[PDB]
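Let me begin by presenting the structure, written as structure tokens, before commenting on it.
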Amino acid sequence: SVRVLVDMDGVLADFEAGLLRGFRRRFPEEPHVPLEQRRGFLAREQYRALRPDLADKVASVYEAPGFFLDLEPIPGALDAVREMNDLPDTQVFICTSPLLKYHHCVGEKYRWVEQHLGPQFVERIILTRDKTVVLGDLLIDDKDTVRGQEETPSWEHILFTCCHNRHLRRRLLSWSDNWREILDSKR
Amino acid sequence: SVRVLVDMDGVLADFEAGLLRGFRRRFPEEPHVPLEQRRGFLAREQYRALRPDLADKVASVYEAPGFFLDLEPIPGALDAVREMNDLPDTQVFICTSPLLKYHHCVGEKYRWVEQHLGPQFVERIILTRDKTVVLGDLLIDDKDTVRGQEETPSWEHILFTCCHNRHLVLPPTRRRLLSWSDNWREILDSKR
Ligand SMILES: O=c1[nH]c(=O)n([C@H]2C[C@H]3O[C@](c4ccccc4)(P(=O)(O)O)OC[C@H]3O2)cc1/C=C/P(=O)(O)O
Ligand SMILES: O=c1[nH]c(=O)n([C@H]2C[C@H]3O[C@](c4ccccc4)(P(=O)(O)O)OC[C@H]3O2)cc1/C=C/P(=O)(O)O
Ligand SMILES: [Mg+2]
Ligand SMILES: [Mg+2]
């Protein structure tokens with residue numbers, strides 16, 4: 001049995017697009033960072049580099065009520081994870097970290113999964129700031145390094161391609177890339 | 001380095017006392033289950049056996065807004081977990097399962113930890129319905145069996161004593177903590 005841990009932001013839920021849409025909506029005069037020019041996991045820091053006071057403006061977007069609830073799915077993500085979890089001898093958990101400002105993040109993520117994937121996937125959510133203490137064969141995540149208290153995690157990190165990591169170990173280019181072969185490589 | 005997974009309900013947060021106080025307050029006419037007569041971790045099913053309409057009444061108490069937020073800490077728990085996490089070569093995570101009815105559970109548990117233990121322990125919350133896929137040396141929990149997808153969890157399960165599990169008598173091969181004043185330091189030591 002292969003256990004796949006699947007991150008939420010940038011893999012199932014389109015955080016980058018939602019952040020940019022929310023930023024342009026609420027700060028329509030301000031410069032922004034086009035998705036194709038995003039570099040580095042931390043959007044706030046790139047905004048800071050664009051101009052210092054844009055850091056807090058972009059944070060105010062992802063800290064706001066509704067932000068996580070309203071993210072659009074990543075193309076192909078929902079179908080893939082449904083297909084994946086229906087494969088025999090395969091178990092999917094949605095493994096996601098909340099913001100340190102957790103107030104509008106934690107309940108909204110449970111509600112996002114419930115609406116987009118249903119109650120069966122709500123049962124498969126793992127919230128943690130340290131993915132290295134979760135046991136599995138693979139972790140699909142859009143962050144360059146995934147670090148924590150296990151120096152050698154049980155899972156192999158598959159980097160899932162997102163606008164901010166496109167320009168940087170196995171990679172999945174999209175959910176249309178061949179994720180079945182990666183799972184097979186663990187059977 | 002020893003990693004200790006610490007459950008919330010019945011170990012840090014007094015769920016049983018909160019449930020009974022909330023039931024007596026809202027359903028004062030109805031029969032209840034005294035804490036010392038609790039048996040089995042599913043309170044709702046014992047109420048159901050007492051009388052069928054009590055099952056939904058008691059659920060309404062722990063499904064209500066505020067319920068998890070307002071629970072009192074277990075005596076000694078907060079001091080113990082702070083001491084435990086300050087020990088060298090020791091890491092504590094708070095490893096808790098939300099209700100399937102998660103709406104007033106999930107945020108409230110985060111806020112409970114933030115208020116009673118601070119932001120440093122908020123960072124150490126793991127929410128999961130399957131504790132068996134979480135890696136650690138020990139899991140301290142008040143539930144008789146802890147089951148899930150790993151047939152052989154990495155951790156050893158230490159049963160923490162609560163009104164509903166007190167009647168169980170463990171085989172010599174398993175370990176119990178009677179309270180936070182019992183010798184949890186030795187259990188951790190056994191893993192060093
Ligand atoms: O500080 C930040 N700056 C920033 O630009 N972001 C963007 C990037 C993305 O990061 C994450 C994120 C999760 C955990 C820790 C940091 C960031 P994800 O891994 O879920 O994509 O969720 C918050 C999102 O916010 C987050 C954070 C989050 C900080 P933290 O969560 O408090 O550590
Ligand atoms: O059916 C139940 N009946 C019941 O009496 N309870 C009580 C007992 C205890 O159950 C727990 C519980 C949480 C997760 C899985 C089972 C039980 P905990 O052991 O964490 O305290 O959640 C809070 C408490 O609520 C929960 C449930 C939980 C149902 P679900 O599986 O979350 O739908
Ligand atoms: Mg991510
Ligand atoms: Mg418990």
Side-chain angles (χ1 to χ4, degrees), chain A residues 5-20 22-23 33 38-50 54-64 67-68 71 74 77 94-100 102-106 108-109 112 127-131 139-143 145-148 157-165, chain B residues 5-16 18-19 40-43 62 68 71 74 77 94-99 109 119 122-123 129 131 139-146 157-165:
Chain A
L5 313 175
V6 185
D7 189 40
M8 237 174 128
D9 298 309
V11 172
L12 304 180
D14 194 343
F15 173 96
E16 290 287 333
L19 178 60
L20 177 59
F23 182 84
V33 180
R38 281 279 295 103
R39 299 289 186 275
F41 172 71
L42 302 168
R44 184 187 195 156
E45 299 312 312
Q46 196 174 5
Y47 277 75
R48 199 190 307 280
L50 183 52
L54 297 184
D56 291 336
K57 294 182 162 92
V58 82
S60 78
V61 175
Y62 65 66
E63 291 169 8
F67 176 79
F68 286 93
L71 298 182
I74 289 284
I94 296 167
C95 189
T96 182
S97 299
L99 306 175
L100 298 181
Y102 63 76
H103 184 203
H104 302 299
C105 179
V106 166
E108 293 192 15
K109 282 177 170 279
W112 195 94
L127 265 183
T128 181
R129 302 278 296 184
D130 187 340
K131 294 170 189 199
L139 167 72
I140 300 170
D141 192 304
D142 67 333
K143 192 185 176 277
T145 61
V146 172
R147 296 191 67 179
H157 176 207
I158 307 302
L159 180 68
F160 188 90
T161 297
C162 194
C163 64
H164 61 76
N165 76 238
Chain B
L5 310 177
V6 184
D7 188 43
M8 237 174 130
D9 298 313
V11 172
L12 305 179
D14 197 340
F15 175 96
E16 293 284 338
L19 178 60
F41 77 103
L42 307 166
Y62 64 67
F68 284 92
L71 299 181
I74 289 283
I94 295 169
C95 185
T96 183
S97 298
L99 305 175
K109 283 178 172 278
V122 173
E123 297 184 50
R129 302 280 297 184
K131 289 171 189 200
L139 166 68
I140 300 170
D141 191 303
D142 67 332
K143 192 186 176 275
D144 13 346
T145 59
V146 172
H157 178 210
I158 308 300
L159 180 70
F160 190 91
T161 297
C162 193
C163 66
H164 62 73
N165 76 37

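Each chain gets a letter, A, B and so on, in the order the sequences are listed, and its residues count up from 1. Just follow the structure's listing: the first ligand is 1, and inside any ligand the first atom is 1. Both backbone and side-chain heavy atoms feed into the values below; hydrogens, waters and symmetry mates do not.
- Using the six-membered ring where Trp is involved, A:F41 and A:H164 have ring planes that are perpendicular, over 60° apart on the 30 and 60° scheme.
- Within the listing of ligand 1, atoms 20 (O), 21 (O) sit less than 4.0 angstrom from a heavy atom of A:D9.
- Contact atoms of ligand 1 toward A:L42: 2 (C), 3 (N), 4 (C), 5 (O) (distance under 4.0 Å to a heavy atom of the residue).
- Vertex the Mg ion (ligand 4); arms to B:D9 O and B:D7 OD2; angle rounded to 10 degrees, 80°.
- The Mg ion (ligand 4) lies closest to atom OD1 when only the N/O/S atoms of B:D142 are considered.
- Between B:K143 and B:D7 no salt bridge is recorded (no basic side-chain N to carboxylate O distance below 4.0 Å).
- Relative orientation of the A:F67 and A:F15 rings is perpendicular, given thresholds of 30° and 60° on the angle between their planes.
- Residue contact check: A:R44 has heavy atoms under 4.0 Å from atoms 3 (N), 4 (C), 5 (O) of ligand 1.
- Nearest heavy atoms, A:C105 versus A:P98: SG-CA, 3.8 Å.
- No hydrogens or angles considered: nothing links the side chains of A:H157 and A:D141 as a donor-acceptor pair under 3.5 Å.
- Two residues are said to be in side-chain contact when any heavy atoms from C-beta on lie closer than 4.5 Å; A:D56 and A:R44 meet this criterion.
- Contact annotation for A:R129 and ligand 1: only side-chain heavy atoms (C-beta onward) come within less than 4.0 Å of the ligand.
- Inclusion of A:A43 in the set of residues having an N or O under 3.5 Å from an N or O of ligand 1 is warranted.
- Inter-residue side-chain proximity for A:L127 and A:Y102 is flagged as unmet; no heavy-atom pair is nearer than 4.5 Å.
- For ligand 1 and A:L99, the ligand atoms under 4.0 Å from any heavy atom of the residue are 22 (O), 23 (C), 28 (C), 31 (O).
- Here A:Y62 has side-chain heavy atoms under 4.0 Å from ligand 1, and that is the only part of it that gets that close.
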